$ cat target_13.pdb   # PDB, C-alpha atoms and all ligand atoms
MODEL        1
ATOM      1  CA  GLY N 176      -9.103 -20.197   7.374
ATOM      2  CA  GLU N 177      -6.300 -19.838   9.837
ATOM      3  CA  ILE N 178      -3.730 -17.148  10.456
ATOM      4  CA  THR N 179      -0.564 -18.102  12.299
ATOM      5  CA  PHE N 180      -0.084 -16.573  15.740
ATOM      6  CA  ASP N 181       3.523 -15.596  15.041
ATOM      7  CA  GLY N 182       2.294 -14.096  11.752
ATOM      8  CA  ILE N 183       1.316 -11.152  14.036
ATOM      9  CA  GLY N 184       4.694  -9.846  15.085
ATOM     10  CA  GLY N 185       6.360  -6.832  16.660
ATOM     11  CA  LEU N 186       3.551  -6.716  19.321
ATOM     12  CA  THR N 187       4.729  -9.883  21.152
ATOM     13  CA  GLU N 188       4.097  -8.163  24.478
ATOM     14  CA  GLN N 189       0.422  -7.393  23.856
ATOM     15  CA  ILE N 190      -0.217 -10.930  22.771
ATOM     16  CA  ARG N 191       0.911 -12.136  26.213
ATOM     17  CA  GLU N 192      -1.157  -9.610  28.195
ATOM     18  CA  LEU N 193      -4.243 -10.713  26.238
ATOM     19  CA  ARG N 194      -3.583 -14.339  27.129
ATOM     20  CA  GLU N 195      -3.445 -13.436  30.814
ATOM     21  CA  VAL N 196      -7.208 -12.778  30.549
ATOM     22  CA  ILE N 197      -8.407 -15.246  27.892
ATOM     23  CA  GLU N 198      -6.107 -18.259  27.785
ATOM     24  CA  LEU N 199      -5.290 -18.590  31.511
ATOM     25  CA  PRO N 200      -8.651 -18.625  33.398
ATOM     26  CA  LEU N 201     -10.013 -21.139  30.877
ATOM     27  CA  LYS N 202      -7.499 -23.897  31.655
ATOM     28  CA  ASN N 203      -6.298 -23.194  35.204
ATOM     29  CA  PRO N 204      -8.891 -21.438  37.396
ATOM     30  CA  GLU N 205      -6.992 -23.178  40.196
ATOM     31  CA  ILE N 206      -4.155 -20.625  40.007
ATOM     32  CA  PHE N 207      -6.510 -17.654  40.407
ATOM     33  CA  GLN N 208      -8.133 -19.574  43.276
ATOM     34  CA  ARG N 209      -4.803 -19.718  45.137
ATOM     35  CA  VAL N 210      -4.264 -15.965  45.518
ATOM     36  CA  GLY N 211      -8.005 -15.676  46.096
ATOM     37  CA  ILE N 212      -8.829 -13.277  43.239
ATOM     38  CA  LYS N 213     -11.877 -13.392  40.984
ATOM     39  CA  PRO N 214     -10.833 -14.013  37.361
ATOM     40  CA  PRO N 215     -10.663 -10.979  35.060
ATOM     41  CA  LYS N 216     -13.181 -10.594  32.254
ATOM     42  CA  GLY N 217     -13.642  -7.884  29.655
ATOM     43  CA  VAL N 218     -10.731  -6.688  27.489
ATOM     44  CA  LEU N 219     -10.598  -3.332  25.678
ATOM     45  CA  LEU N 220      -8.264  -3.044  22.672
ATOM     46  CA  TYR N 221      -7.590   0.523  21.580
ATOM     47  CA  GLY N 222      -4.956   2.281  19.518
ATOM     48  CA  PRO N 223      -4.259   4.388  16.449
ATOM     49  CA  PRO N 224      -6.169   3.241  13.352
ATOM     50  CA  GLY N 225      -4.303   0.579  11.434
ATOM     51  CA  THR N 226      -2.067  -0.689  14.250
ATOM     52  CA  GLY N 227      -3.538  -4.190  13.887
ATOM     53  CA  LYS N 228      -6.161  -4.368  16.663
ATOM     54  CA  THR N 229      -8.416  -6.529  14.454
ATOM     55  CA  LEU N 230      -5.563  -8.694  13.227
ATOM     56  CA  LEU N 231      -4.741  -9.624  16.822
ATOM     57  CA  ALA N 232      -8.329 -10.708  17.478
ATOM     58  CA  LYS N 233      -8.575 -12.596  14.191
ATOM     59  CA  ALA N 234      -5.487 -14.734  14.791
ATOM     60  CA  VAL N 235      -6.375 -15.552  18.398
ATOM     61  CA  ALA N 236      -9.929 -16.677  17.489
ATOM     62  CA  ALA N 237      -8.764 -19.233  14.895
ATOM     63  CA  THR N 238      -6.186 -20.628  17.259
ATOM     64  CA  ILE N 239      -7.781 -21.066  20.763
ATOM     65  CA  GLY N 240     -10.573 -23.441  19.714
ATOM     66  CA  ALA N 241     -13.376 -22.110  21.923
ATOM     67  CA  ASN N 242     -16.709 -21.205  20.413
ATOM     68  CA  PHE N 243     -16.422 -17.753  18.889
ATOM     69  CA  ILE N 244     -19.140 -15.189  18.112
ATOM     70  CA  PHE N 245     -17.951 -12.465  15.743
ATOM     71  CA  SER N 246     -20.048  -9.313  15.685
ATOM     72  CA  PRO N 247     -19.739  -6.020  13.798
ATOM     73  CA  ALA N 248     -21.059  -3.599  16.390
ATOM     74  CA  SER N 249     -23.236  -1.680  13.918
ATOM     75  CA  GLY N 250     -24.679  -4.814  12.305
ATOM     76  CA  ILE N 251     -27.137  -5.593  15.125
ATOM     77  CA  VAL N 252     -29.177  -2.381  14.915
ATOM     78  CA  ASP N 253     -32.658  -2.896  13.514
ATOM     79  CA  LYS N 254     -35.434  -0.535  12.567
ATOM     80  CA  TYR N 255     -38.194  -2.099  14.650
ATOM     81  CA  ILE N 256     -38.736  -0.992  18.222
ATOM     82  CA  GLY N 257     -36.563  -2.953  20.609
ATOM     83  CA  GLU N 258     -35.622  -5.626  18.095
ATOM     84  CA  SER N 259     -32.037  -4.515  18.698
ATOM     85  CA  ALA N 260     -32.697  -5.330  22.353
ATOM     86  CA  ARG N 261     -33.543  -8.975  21.660
ATOM     87  CA  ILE N 262     -30.343  -9.671  19.700
ATOM     88  CA  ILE N 263     -27.841  -8.683  22.387
TER      89      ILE N 263
ATOM     90  CA  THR A 327     -14.097  13.619  -3.273
ATOM     91  CA  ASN A 328     -13.011  17.243  -3.404
ATOM     92  CA  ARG A 329     -12.305  17.801   0.334
ATOM     93  CA  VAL A 330      -9.722  15.262   1.441
ATOM     94  CA  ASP A 331      -8.486  17.142   4.534
ATOM     95  CA  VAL A 332     -11.892  16.637   6.189
ATOM     96  CA  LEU A 333     -12.293  12.831   6.068
ATOM     97  CA  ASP A 334     -11.111  11.075   9.242
ATOM     98  CA  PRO A 335      -8.172   8.624   9.164
ATOM     99  CA  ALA A 336     -10.172   5.376   9.270
ATOM    100  CA  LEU A 337     -11.605   6.114   5.808
ATOM    101  CA  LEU A 338      -8.110   6.824   4.413
ATOM    102  CA  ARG A 339      -4.712   5.135   4.993
ATOM    103  CA  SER A 340      -3.172   2.263   3.030
ATOM    104  CA  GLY A 341      -5.045  -1.019   3.221
ATOM    105  CA  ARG A 342      -8.358   0.770   2.518
ATOM    106  CA  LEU A 343      -7.741   3.360  -0.187
ATOM    107  CA  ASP A 344      -4.205   2.209  -1.036
ATOM    108  CA  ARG A 345      -3.570   4.655  -3.862
ATOM    109  CA  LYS A 346      -4.229   8.346  -3.306
ATOM    110  CA  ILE A 347      -4.322   9.888  -6.765
ATOM    111  CA  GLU A 348      -4.104  13.659  -7.070
ATOM    112  CA  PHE A 349      -5.599  15.614  -9.958
ATOM    113  CA  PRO A 350      -3.669  18.716 -11.093
ATOM    114  CA  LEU A 351      -5.152  21.618 -12.971
ATOM    115  CA  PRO A 352      -4.731  21.219 -16.740
ATOM    116  CA  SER A 353      -1.312  22.616 -17.619
ATOM    117  CA  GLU A 354      -0.825  25.219 -20.337
ATOM    118  CA  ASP A 355      -0.311  22.512 -22.970
ATOM    119  CA  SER A 356      -3.223  20.355 -21.811
ATOM    120  CA  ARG A 357      -5.615  23.289 -22.283
ATOM    121  CA  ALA A 358      -4.816  22.949 -25.988
ATOM    122  CA  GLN A 359      -5.703  19.255 -26.063
ATOM    123  CA  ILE A 360      -8.851  19.839 -24.009
ATOM    124  CA  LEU A 361     -10.347  22.680 -26.134
ATOM    125  CA  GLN A 362      -9.814  20.500 -29.220
ATOM    126  CA  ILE A 363     -11.926  17.447 -28.222
ATOM    127  CA  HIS A 364     -14.934  19.477 -27.222
ATOM    128  CA  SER A 365     -14.889  21.576 -30.404
ATOM    129  CA  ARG A 366     -15.045  18.581 -32.779
ATOM    130  CA  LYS A 367     -18.690  18.036 -31.906
ATOM    131  CA  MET A 368     -19.721  21.561 -33.126
ATOM    132  CA  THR A 369     -18.572  23.330 -36.257
ATOM    133  CA  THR A 370     -14.962  24.472 -36.492
ATOM    134  CA  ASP A 371     -12.856  26.433 -38.922
ATOM    135  CA  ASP A 372      -9.171  26.683 -39.658
ATOM    136  CA  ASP A 373      -9.366  30.430 -38.550
ATOM    137  CA  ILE A 374      -9.061  29.168 -34.989
ATOM    138  CA  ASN A 375      -5.550  28.621 -33.663
ATOM    139  CA  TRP A 376      -6.167  26.646 -30.469
ATOM    140  CA  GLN A 377      -2.564  27.225 -29.450
ATOM    141  CA  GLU A 378      -3.435  30.894 -28.849
ATOM    142  CA  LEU A 379      -6.491  30.223 -26.683
ATOM    143  CA  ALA A 380      -4.682  27.695 -24.474
TER     144      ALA A 380
HETATM  145  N1  LIG C 401       1.436  -5.842  13.796
HETATM  146  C1  LIG C 401       1.293  -6.207  12.514
HETATM  147  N2  LIG C 401       2.095  -7.120  11.941
HETATM  148  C2  LIG C 401       1.937  -7.475  10.654
HETATM  149  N3  LIG C 401       0.986  -6.955   9.858
HETATM  150  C3  LIG C 401       0.120  -6.028  10.314
HETATM  151  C4  LIG C 401       0.226  -5.595  11.706
HETATM  152  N4  LIG C 401      -0.737  -4.687  11.910
HETATM  153  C5  LIG C 401      -1.412  -4.551  10.744
HETATM  154  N5  LIG C 401      -0.907  -5.364   9.794
HETATM  155  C6  LIG C 401      -1.411  -5.437   8.399
HETATM  156  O1  LIG C 401      -2.578  -4.615   8.314
HETATM  157  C7  LIG C 401      -3.677  -5.353   7.785
HETATM  158  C8  LIG C 401      -4.980  -4.887   8.424
HETATM  159  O2  LIG C 401      -4.755  -4.195   9.649
HETATM  160  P1  LIG C 401      -5.959  -4.164  10.713
HETATM  161  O3  LIG C 401      -7.235  -4.332   9.932
HETATM  162  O4  LIG C 401      -5.668  -5.146  11.818
HETATM  163  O5  LIG C 401      -5.965  -2.663  11.285
HETATM  164  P2  LIG C 401      -7.087  -2.219  12.356
HETATM  165  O6  LIG C 401      -6.398  -1.572  13.532
HETATM  166  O7  LIG C 401      -7.989  -3.399  12.616
HETATM  167  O8  LIG C 401      -7.906  -1.094  11.529
HETATM  168  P3  LIG C 401      -9.282  -0.404  12.029
HETATM  169  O9  LIG C 401      -8.853   0.680  12.985
HETATM  170  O10 LIG C 401      -9.891   0.137  10.757
HETATM  171  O11 LIG C 401     -10.073  -1.512  12.679
HETATM  172  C9  LIG C 401      -3.335  -6.806   8.052
HETATM  173  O12 LIG C 401      -3.918  -7.681   7.085
HETATM  174  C10 LIG C 401      -1.826  -6.833   7.963
HETATM  175  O13 LIG C 401      -1.388  -7.031   6.609
ENDMDL
END

$ encode --input "target_13.pdb" --output "structure tokens" --more "lines below"
Ligand SMILES: Nc1ncnc2c1ncn2[C@@H]1O[C@H](COP(=O)(O)OP(=O)(O)OP(=O)(O)O)[C@@H](O)[C@H]1O
Amino acid sequence: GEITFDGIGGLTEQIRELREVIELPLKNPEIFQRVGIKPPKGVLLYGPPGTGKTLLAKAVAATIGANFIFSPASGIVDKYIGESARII
Amino acid sequence: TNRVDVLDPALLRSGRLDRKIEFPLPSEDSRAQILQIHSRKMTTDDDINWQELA
């Protein structure tokens, strides 16, 4: 399913700072080429529990249209030696 | 659970365990009801006045 991207509200500023990393360098790597700066990668979302840090990621992954891997961090550990190494 | 102060906030909070139901000690009147459903199973008499014991 899909969740609207205004259905997340009150945090309209954090939605725009996340798009500065994810939306922008996908379409226009020509703008980051002008200044001469290497595009940013790697975003860390952190805050008090329940603020909506998962909701923000959920909405933006149904919207953008790029291929999307979703991974519970603890779901890729395996018993066998180094099998957890092959997954990542 | 019997220690709720210990569990961290990601296990609690609404949207996970919405309701947080507290259990109070049986009140002086409840003691009367309680003693009376456990005694039915064994022999009773009319000597007993459960109101006293509660
Ligand atoms: N900013 C918000 N606007 C509207 N609803 C919100 C917002 N933040 C949270 N919610 C509500 O909270 C629900 C779940 O919150 P969410 O799971 O995003 O918290 P979380 O920060 O991911 O929790 P955790 O720390 O356990 O990962 C959503 O389905 C929504 O109903």

$ residues_near_ligand --input "target_13.pdb" --ligand "ligand LIG 401 (chain C)" --cutoff "10 Å" --atoms "all atoms listed in the file" --output "ChimeraX atom specification"
/N:181-187,220-233 /A:335-342

$ axis_aligned_box --input "target_13.pdb" --around "stretch 204-215 of chain N" --padding-each-side "6 Å" --output "JSON"
{"center_x": -8.0, "center_y": -17.1, "center_z": 40.6, "size_x": 19.7, "size_y": 24.2, "size_z": 23.0}

$ atom_distance --input "target_13.pdb" --atom1 "atom CA of residue N:193" --atom2 "atom CA of residue N:235"
9.5 Å

$ residues_near_point --input "target_13.pdb" --point "(-10.7, 14.1, 0.7)" --cutoff "12 Å" --atoms "all atoms listed in the file" --output "PDB file with C-alpha atoms, in the frame of the given file"
ATOM      1  CA  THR A 327     -14.097  13.619  -3.273  1.00  0.00           C
ATOM      2  CA  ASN A 328     -13.011  17.243  -3.404  1.00  0.00           C
ATOM      3  CA  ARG A 329     -12.305  17.801   0.334  1.00  0.00           C
ATOM      4  CA  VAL A 330      -9.722  15.262   1.441  1.00  0.00           C
ATOM      5  CA  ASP A 331      -8.486  17.142   4.534  1.00  0.00           C
ATOM      6  CA  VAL A 332     -11.892  16.637   6.189  1.00  0.00           C
ATOM      7  CA  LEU A 333     -12.293  12.831   6.068  1.00  0.00           C
ATOM      8  CA  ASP A 334     -11.111  11.075   9.242  1.00  0.00           C
ATOM      9  CA  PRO A 335      -8.172   8.624   9.164  1.00  0.00           C
ATOM     10  CA  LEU A 337     -11.605   6.114   5.808  1.00  0.00           C
ATOM     11  CA  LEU A 338      -8.110   6.824   4.413  1.00  0.00           C
ATOM     12  CA  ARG A 339      -4.712   5.135   4.993  1.00  0.00           C
ATOM     13  CA  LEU A 343      -7.741   3.360  -0.187  1.00  0.00           C
ATOM     14  CA  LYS A 346      -4.229   8.346  -3.306  1.00  0.00           C
ATOM     15  CA  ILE A 347      -4.322   9.888  -6.765  1.00  0.00           C
ATOM     16  CA  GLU A 348      -4.104  13.659  -7.070  1.00  0.00           C
ATOM     17  CA  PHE A 349      -5.599  15.614  -9.958  1.00  0.00           C
TER      18      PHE A 349
END

$ closest_residue --input "target_13.pdb" --among "N:180, N:191, N:214, N:202" --to "residue N:241" --atoms "all atoms listed in the file"
N:202

$ atom_distance --input "target_13.pdb" --atom1 "atom CA of residue N:262" --atom2 "atom CA of residue N:246"
11.1 Å

$ atom_distance --input "target_13.pdb" --atom1 "atom CA of residue N:179" --atom2 "atom CA of residue N:234"
6.5 Å

$ decode --input "target_13.pdb" --residues "stretch 350-369 of chain A" --atoms "N, CA and C atoms" --output "PDB file, in the first residue's frame"
ATOM      1  N   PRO A 350      -5.065  -3.459  41.603  1.00  0.00           N
ATOM      2  CA  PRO A 350      -4.979  -3.090  43.016  1.00  0.00           C
ATOM      3  C   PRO A 350      -5.145  -4.301  43.924  1.00  0.00           C
ATOM      4  N   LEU A 351      -4.613  -4.163  45.132  1.00  0.00           N
ATOM      5  CA  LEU A 351      -4.820  -5.198  46.128  1.00  0.00           C
ATOM      6  C   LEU A 351      -6.318  -5.381  46.336  1.00  0.00           C
ATOM      7  N   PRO A 352      -6.788  -6.601  46.565  1.00  0.00           N
ATOM      8  CA  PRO A 352      -8.197  -6.775  46.934  1.00  0.00           C
ATOM      9  C   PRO A 352      -8.563  -5.830  48.071  1.00  0.00           C
ATOM     10  N   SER A 353      -9.674  -5.112  47.909  1.00  0.00           N
ATOM     11  CA  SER A 353     -10.145  -4.227  48.964  1.00  0.00           C
ATOM     12  C   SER A 353     -10.890  -5.027  50.036  1.00  0.00           C
ATOM     13  N   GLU A 354     -11.215  -4.359  51.146  1.00  0.00           N
ATOM     14  CA  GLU A 354     -11.735  -5.085  52.302  1.00  0.00           C
ATOM     15  C   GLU A 354     -12.985  -5.879  51.953  1.00  0.00           C
ATOM     16  N   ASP A 355     -13.789  -5.384  51.011  1.00  0.00           N
ATOM     17  CA  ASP A 355     -14.989  -6.101  50.599  1.00  0.00           C
ATOM     18  C   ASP A 355     -14.675  -7.237  49.639  1.00  0.00           C
ATOM     19  N   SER A 356     -13.674  -7.056  48.780  1.00  0.00           N
ATOM     20  CA  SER A 356     -13.312  -8.104  47.833  1.00  0.00           C
ATOM     21  C   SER A 356     -12.787  -9.337  48.556  1.00  0.00           C
ATOM     22  N   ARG A 357     -12.029  -9.142  49.640  1.00  0.00           N
ATOM     23  CA  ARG A 357     -11.559 -10.274  50.434  1.00  0.00           C
ATOM     24  C   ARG A 357     -12.703 -11.220  50.760  1.00  0.00           C
ATOM     25  N   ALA A 358     -13.890 -10.667  51.020  1.00  0.00           N
ATOM     26  CA  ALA A 358     -15.051 -11.492  51.326  1.00  0.00           C
ATOM     27  C   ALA A 358     -15.459 -12.323  50.117  1.00  0.00           C
ATOM     28  N   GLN A 359     -15.506 -11.703  48.939  1.00  0.00           N
ATOM     29  CA  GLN A 359     -15.870 -12.450  47.741  1.00  0.00           C
ATOM     30  C   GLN A 359     -14.846 -13.535  47.440  1.00  0.00           C
ATOM     31  N   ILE A 360     -13.544 -13.196  47.658  1.00  0.00           N
ATOM     32  CA  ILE A 360     -12.466 -14.082  47.266  1.00  0.00           C
ATOM     33  C   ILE A 360     -12.514 -15.282  48.097  1.00  0.00           C
ATOM     34  N   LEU A 361     -12.509 -15.199  49.470  1.00  0.00           N
ATOM     35  CA  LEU A 361     -12.520 -16.330  50.392  1.00  0.00           C
ATOM     36  C   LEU A 361     -13.684 -17.270  50.115  1.00  0.00           C
ATOM     37  N   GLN A 362     -14.759 -16.761  49.505  1.00  0.00           N
ATOM     38  CA  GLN A 362     -15.978 -17.539  49.326  1.00  0.00           C
ATOM     39  C   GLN A 362     -15.993 -18.411  48.076  1.00  0.00           C
ATOM     40  N   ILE A 363     -15.155 -18.108  47.035  1.00  0.00           N
ATOM     41  CA  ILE A 363     -15.116 -18.974  45.865  1.00  0.00           C
ATOM     42  C   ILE A 363     -14.108 -20.063  45.951  1.00  0.00           C
ATOM     43  N   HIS A 364     -13.113 -19.884  46.848  1.00  0.00           N
ATOM     44  CA  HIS A 364     -12.164 -20.962  47.091  1.00  0.00           C
ATOM     45  C   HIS A 364     -12.681 -21.963  48.113  1.00  0.00           C
ATOM     46  N   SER A 365     -13.579 -21.550  49.005  1.00  0.00           N
ATOM     47  CA  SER A 365     -14.072 -22.457  50.033  1.00  0.00           C
ATOM     48  C   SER A 365     -15.149 -23.407  49.516  1.00  0.00           C
ATOM     49  N   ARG A 366     -15.829 -23.062  48.418  1.00  0.00           N
ATOM     50  CA  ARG A 366     -16.881 -23.930  47.893  1.00  0.00           C
ATOM     51  C   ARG A 366     -16.347 -25.306  47.550  1.00  0.00           C
ATOM     52  N   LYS A 367     -15.099 -25.374  47.103  1.00  0.00           N
ATOM     53  CA  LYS A 367     -14.549 -26.639  46.640  1.00  0.00           C
ATOM     54  C   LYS A 367     -14.416 -27.633  47.786  1.00  0.00           C
ATOM     55  N   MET A 368     -13.980 -27.151  49.019  1.00  0.00           N
ATOM     56  CA  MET A 368     -13.881 -27.997  50.202  1.00  0.00           C
ATOM     57  C   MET A 368     -15.139 -27.783  51.000  1.00  0.00           C
ATOM     58  N   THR A 369     -15.238 -28.574  52.086  1.00  0.00           N
ATOM     59  CA  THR A 369     -16.401 -28.531  52.961  1.00  0.00           C
ATOM     60  C   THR A 369     -16.495 -27.191  53.677  1.00  0.00           C
TER      61      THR A 369
END
